[PDB]
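Comments concern the structure below.
Start at 1 and go down the list; that is how both ligands and their atoms are numbered. In the text below, chain A, chain B and the rest are named by the order of the sequence lines, each starting its count at 1.
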Amino acid sequence: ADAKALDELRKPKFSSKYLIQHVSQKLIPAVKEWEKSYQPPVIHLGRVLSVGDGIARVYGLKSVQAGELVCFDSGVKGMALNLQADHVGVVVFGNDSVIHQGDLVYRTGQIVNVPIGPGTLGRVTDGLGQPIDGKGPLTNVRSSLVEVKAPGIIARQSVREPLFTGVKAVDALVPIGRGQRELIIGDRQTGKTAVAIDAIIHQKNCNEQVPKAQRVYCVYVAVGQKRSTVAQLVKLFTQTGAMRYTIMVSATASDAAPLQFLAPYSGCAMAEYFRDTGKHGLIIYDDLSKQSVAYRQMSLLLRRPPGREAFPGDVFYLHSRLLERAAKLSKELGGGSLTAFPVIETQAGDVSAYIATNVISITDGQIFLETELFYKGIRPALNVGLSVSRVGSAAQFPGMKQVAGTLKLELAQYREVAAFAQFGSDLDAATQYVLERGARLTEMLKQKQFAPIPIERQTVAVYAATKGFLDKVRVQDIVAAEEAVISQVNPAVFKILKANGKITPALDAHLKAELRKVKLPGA
Amino acid sequence: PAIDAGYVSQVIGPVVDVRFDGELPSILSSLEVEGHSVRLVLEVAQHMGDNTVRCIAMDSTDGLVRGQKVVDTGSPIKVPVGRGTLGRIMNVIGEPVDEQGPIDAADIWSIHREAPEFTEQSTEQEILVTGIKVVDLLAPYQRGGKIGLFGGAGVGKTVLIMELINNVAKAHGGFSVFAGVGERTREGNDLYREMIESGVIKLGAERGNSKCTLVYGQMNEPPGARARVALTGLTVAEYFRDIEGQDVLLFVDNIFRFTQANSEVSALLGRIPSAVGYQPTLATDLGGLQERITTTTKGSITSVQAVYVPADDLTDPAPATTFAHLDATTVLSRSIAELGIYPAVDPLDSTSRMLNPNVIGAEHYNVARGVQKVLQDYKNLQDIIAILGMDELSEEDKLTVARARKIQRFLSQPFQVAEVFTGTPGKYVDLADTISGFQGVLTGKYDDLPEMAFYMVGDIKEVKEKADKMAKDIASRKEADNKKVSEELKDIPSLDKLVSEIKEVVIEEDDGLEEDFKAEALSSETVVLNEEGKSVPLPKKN
Ligand SMILES: Nc1ncnc2c1ncn2[C@@H]1O[C@H](COP(=O)(O)OP(=O)(O)OP(=O)(O)O)[C@@H](O)[C@H]1O
Ligand SMILES: Nc1ncnc2c1ncn2[C@@H]1O[C@H](COP(=O)(O)OP(=O)(O)O)[C@@H](O)[C@H]1O
Ligand SMILES: [Mg+2]
Ligand SMILES: [Mg+2]
């Protein structure tokens, strides 16, 4: 049955037509009496052969592009993943219980896209761009693809601009450049979103003070999160005023796994509107470890082979092609930026997991959130020894760079001499200076939630702590002394530090002087 | 025009099947796709059996239809090679991605060839001085060797491979090729801009005086492009070795990415998965690539390859296969990095073929074996030092722990590429100063100094320079009370006077979002295409 033997059946070899002409006068009368039992034939439309596990196998669709939005007659969208010779397998962006075998599949003619623009600012959308906030459709908007390739080497520049988080431990010790990716990695319940929420609230305070080109438009993507937490977050952004600059992409835990897999690409495409028009974006992928679990579900249901942790093997490319789109563009492309904050949930502090080590080898730094520093009340529980930001360093606030070089230094010795004194029986009194300055600086760096601090009021509080001016206070009233420093010091010294950028020696003298007339609560 | 022009049969991610009605292309031949938005070439991987070839796309397949015309080029992927490719950045298929014009090609070489034969091999071992203490002592590199840096996501393989570009690749008088296989794009641009400011890459009419050519297949590329861009980097390095006949420095960042990209593809080629979900052909795919990166009798390639280990697991199928392919393996550890020791080289897991008494001399060899004997016997003690503490040790064993903590800190050093984020300037340490320095700590000449005098210093002259600074500051901690530059009149204007010198910034209040934006009309209904390809709203049934 070789192929040379079957193409001989192309040319006719009967020389006898006594039932070629017999059924040709009886076929059309036979077909005509079974017409209400024929579904109409399908060539450029599609018909569902088989649906189940959130994957539909579609007969027909002769001209679908690979990776194209297809629309079922139930109104549900899909994406043509694999075009095969006999069918096209689509993945259903929604609930597969409303798709039946025999349903018509329509072609939209466009590769999978979301509405991007200025009119998507302020809105709560799903993983496909359809708004779920109930306040209408998206107007003043246009469609852009969710799988855009990242800009190349020549379309980029180095990060220069300092993108203040408003978190004291972050902007002092691991500062964030404006086109940078920074992993927020930690255990469950360690203030992962707290660091990313305080970054978003802080841009609302800064956007109303910068001249329209240094404004940061945030995007928050929730993958696998409960709807109530997402709804409690849109209420917090609406009441802080941060919703004016924020897009909220939401694919909750009840949503389909292709809607949670696609939601960071949908949100990255909306944040790429500001990168590609010279503005500045900030995107948070909250639980990118939940987006890999949703993609692991689609790969196992597509019967792709398991991997190291049963992940598809292309789960690195899932996150690498996502986070490479967070870039600082060059001057001929507008100079826009996109800053990513992926969030990875860690099980029992184990950072040697598969998805954790993947995103570490993609992103530019990490913000490690220790679950033992979080239980002791040190919040944000920044693991200072492990948290890295080298791309954002030498791009930070110049005045903070003077006062935090000794802050990282006096914390580097503090971890050395707390490792040497695991118990109190030996007292050197030259390391007790480090135990009294290290416990001073730890209390300075911890701050409470949903109140981000400007960078000029954050430089002075570390100026008042790495130097003297707080050795009077024992360890307890330092949080009260910091608000005693910030309120009692003349607010005209915060304008000089902000406008000059750094601590001039004219201001170094004045701020040593104003820090001596502060009524410290520890007396 | 019809035959030798096939059509796209089926698309499964990066894998495209093309059916040719006659004259199938050979395996490894490249196939252009007509009518794609970008240039999509496909490398033929398999003959499927029914006039169908199975191909690997070197770009994205989003936009492929199952009738698309596919033209065979009759040859593999052929990239520009020669002295005109220097100072340029290429992708997997040889296109310039640096916007500097077309590449002045001396020749057009296909990226697929066999290894040099057994008669072509060169057996010569001379040392490569890197200026790194732990490298030049314990696992010294070979000047025509294969060098592997083994790392676990953040332990410092890229900083180490960037320091070897700083130390070795300037004193080395040949050409360099940097193959970036599946790494960060920012690093590529950072390395591209730090070579232009160093004069390693010269732009404009001075392009011929460049010493490095870059081939970049970074981690935004599809898995077909990252599985073949290492072969594009060898082909540029093999032209300088075979035809030009000179010594090449080949730096491959994340060599494991080539193995990982073939593992993303092997699932879709219909292959039963191997151990850990890897492709069954893991040892021969990596083998057929690594056996090309050698020194022949006509030229030399000194290859440094960063190898990423997946879950800090050195027994994983892709790090474990690479170990047999290297003359020197520098294993970087995570626990060494958490003690603050940089470069985070495991001294008892790093190994060099170069560390032989005949090859490096008996004085160098006995210091390295004595350093490893102290660090191993200290590792045998750490189970008791954790539980019982150092109080229960014999004082013969306390001298072991005291010397091993000293040589552990002394193996670390500051890098000239790491001073941009550490602040400490970098120290190139000559080979004679590492052998002299570590021999003194082994015999006992420096038991006087503390542990932290050895931390982040160049040579043993600087341990004594730092033991004084540490000693000197145990006296001086104060006396900054009065007689300042910070009093009232001397250099200081009024504070309200400084507020008037602030230039006021006009905030434009309107956010500038609708400047040039065109807004397409989103319909109230889902717009779809009917059987005739016409834009029709979605019909009303379900
Ligand atoms: N700096 C802080 N001070 C006090 N409470 C905080 C601080 N940061 C976060 N919290 C609180 O601690 C709890 C956990 O923080 P958060 O929810 O941000 O962590 P997470 O990493 O997102 O956890 P999950 O895995 O539950 O999403 C919350 O109740 C939060 O309000
Ligand atoms: N030699 C070094 N000196 C100082 N810090 C280093 C060194 N190597 C790595 N690091 C720190 O660890 C991080 C990892 O370095 P890098 O080589 O980029 O990572 P990887 O080895 O995962 O590719 C750096 O960003 C830096 O913070
Ligand atoms: Mg959370
Ligand atoms: Mg790296």
Side-chain angles (χ1 to χ4, degrees), chain A residues 167-170 174 184-198 220 222-226 229-230 232-233 236 284-287 289-290 343-347 357-358 360-367 369 371 373-375 377-382 385-393 445-452 479, chain B residues 132 134 149-164 183-184 186-187 190 253-254 256 306-309 312 330 332-334 336-338 340-345 412-424 426 456:
Chain A
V167 178
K168 284 198 73 165
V170 170
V174 282
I184 305 172
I185 179 155
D187 276 7
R188 186 192 61 246
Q189 310 289 335
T190 54
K192 275 197 285 323
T193 309
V195 169
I197 295 318
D198 285 353
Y220 185 90
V223 194
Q225 290 184 230
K226 338 210 256 180
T229 32
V230 165
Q232 280 150 33
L233 210 54
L236 173 64
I284 289 93
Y285 308 105
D286 207 83
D287 284 325
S289 56
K290 284 183 183 187
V343 175
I344 286 286
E345 170 144 311
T346 284
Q347 292 301 129
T357 43
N358 278 346
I360 286 170
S361 65
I362 297 158
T363 55
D364 298 325
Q366 299 97 56
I367 291 179
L369 291 183
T371 175
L373 303 193
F374 201 76
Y375 193 62
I378 306 173
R379 301 176 179 181
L382 183 71
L386 271 69
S387 292
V388 177
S389 173
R390 302 320 193 188
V391 192
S393 69
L445 287 170
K446 72 186 200 179
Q447 68 173 92
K448 46 182 52 196
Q449 208 178 5
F450 314 135
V479 190
Chain B
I132 309 171
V134 59
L149 323 170
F150 282 79
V155 305
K157 289 171 339 258
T158 316
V159 182
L160 188 57
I161 207 171
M162 219 50 67
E163 178 76 6
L164 296 173
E183 268 319 286
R184 296 185 193 81
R186 185 247 328 152
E187 300 159 343
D190 277 359
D253 206 353
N254 268 172
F256 158 89
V307 181
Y308 160 95
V309 312
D312 294 352
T330 300
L332 282 79
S333 160
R334 163 78 47 83
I336 304 291
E338 278 162 356
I341 294 165
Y342 282 120
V345 178
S412 65
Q413 74 162 70
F415 281 177
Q416 308 171 233
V417 304
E419 71 180 85
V420 77
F421 54 85
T422 54
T424 316
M456 289 298 167

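- Scanning both residues, A:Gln447 and A:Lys168, for their nearest heavy atoms gives OE1-N, 2.6 Å.
- Between the side chain of B:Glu163 and the backbone N or O of B:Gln416, at least one donor-acceptor pair lies under 3.5 Å.
- For atom 25 (O) of ligand 1, the closest non-hydrogen atom of the protein is A:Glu345 OE1, 3.2 Å.
- The protein atom (non-hydrogen) at minimum distance from atom 27 (O) of ligand 1 is A:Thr193 OG1, 4.6 Å.
- Protein heavy atom nearest atom 10 (N) of ligand 2, with residue, atom name and distance: B:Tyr342 CE2, 3.8 Å.
- Counting backbone and side-chain atoms alike, A:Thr193 contributes an N/O/S atom closer than 2.8 Å to the Mg ion (ligand 3).
- Although no hydrogens or angles enter the test, the distance criterion places no donor-acceptor pair under 3.5 Å between the side chain of B:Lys157 and the main chain of B:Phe150.
- Across all non-hydrogen atoms, the minimal contact from B:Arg184 to A:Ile360 is NH2-O, 3.1 Å.
- Annotation: B:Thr422 places no N or O atom under 3.5 Å from an N or O atom of ligand 2; distance criterion only.
- Any N or O atom pair closer than 3.5 Å counts here, and A:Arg390 shares at least one such pair with ligand 2.
- When only interatomic distances are considered, the shortest N/O to N/O separation between B:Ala418 and ligand 2 does not fall below 3.5 Å.
- Inclusion of A:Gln189 in the set of residues having an N or O under 3.5 Å from an N or O of ligand 1 is warranted.
- Looking only at heavy atoms of the protein, atom 12 (O) of ligand 1 is closest to A:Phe374 CZ, 3.3 Å.
- Nearest non-hydrogen protein atom to atom 1 (N) of ligand 2 is B:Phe415 CD1, 3.4 Å.
- Here the closest non-hydrogen pair linking A:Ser387 and A:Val174 is O-CG1, 3.4 Å.
- Every heavy atom of B:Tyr308 sits 4.0 Å or more from the atoms of ligand 2.
- What sits closest to atom 28 (C) of ligand 1 on the protein, heavy atoms only, is A:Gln449 NE2, 4.6 Å.
- A donor-acceptor distance shorter than 3.5 angstrom exists from the side chain of B:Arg334 to the backbone of B:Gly152, with no hydrogens or angles considered.
- Among the atoms of A:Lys448, none of the N or O lies under 3.5 angstrom from an N or O of ligand 1.
- With A:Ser393 contributing its side chain and B:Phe421 its backbone, the two residues share no donor-acceptor pair below 3.5 Å.
- Nearest protein heavy-atom neighbour of atom 5 (N) of ligand 2: B:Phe421 CE1, 3.4 Å.
- For atom 21 (O) of ligand 2, the nearest protein heavy atom (residue, atom name, distance) is B:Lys157 N, 2.4 Å.
- With a 4.0 Å cut-off on non-hydrogen atoms, A:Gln225 does not touch ligand 1 at all.
- Residue B:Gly154 places a heavy atom less than 4.0 Å from ligand 2.
- Note on ligand 2: B:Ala153 sits in its first shell, one or more heavy atoms being nearer than 4.0 Å.
- A distance-only check finds no donor-acceptor pair linking the side chain of A:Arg379 to the backbone of A:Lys448 [under 3.5 Å].
- With a 4.5 Å cut-off on side-chain heavy atoms, B:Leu160 and B:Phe415 count as touching.
- Remark: minimum distance from atom 1 (N) of ligand 1 to any protein heavy atom is reached at A:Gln447 O, 3.1 Å.
- Which parts of ligand 1 touch A:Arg188 is read off a 4.0 Å heavy-atom cut-off, strictly below it: atoms 25 (O).
- Annotation: side chain of B:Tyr308 is not in contact with side chain of B:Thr158 (no heavy-atom distance under 4.5 Å).
- The protein atom (non-hydrogen) at minimum distance from atom 4 (C) of ligand 1 is A:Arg379 CD, 3.7 Å.
- Considering only heavy atoms from C-beta on, A:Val170 comes within 4.5 Å of A:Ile367 through its side chain.
- Proximity of A:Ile184 to A:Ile284: side-chain heavy atoms (C-beta onward) are nowhere separated by under 4.5 Å.
- The shortest N/O to N/O separation between A:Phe450 and ligand 1 does not fall below 3.5 Å.
- In this structure, atom 8 (N) of ligand 1 lies nearest to the protein heavy atom A:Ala194 CB, 3.2 Å.
- Near B:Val155, with a cut-off below 4.0 Å to any heavy atom, the atoms of ligand 2 are 21 (O), 22 (O).
- The shortest contact between atom 18 (O) of ligand 2 and any protein heavy atom is with B:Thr158 CB, 3.7 Å.
- Side-chain contact check for A:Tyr285 versus A:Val223: every heavy-atom pair is 4.5 Å or farther apart.
- Less than 4.0 angstrom separates some heavy atom of A:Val388 from each of these atoms of ligand 2: 25 (O), 27 (O).
- Side-chain atoms of A:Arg390 do not come within 3.5 Å of backbone N or O of B:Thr422 as any donor-acceptor pair.
- On a distance-only criterion, B:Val159 and ligand 2 share at least one N/O pair closer than 3.5 Å.
- Scanning the protein for heavy atoms near atom 16 (P) of ligand 1, the closest one is A:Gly191 CA, 3.4 Å.
- With hydrogens left out, the protein atom closest to atom 9 (C) of ligand 2 is B:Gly156 CA, 3.5 Å, a heavy atom.
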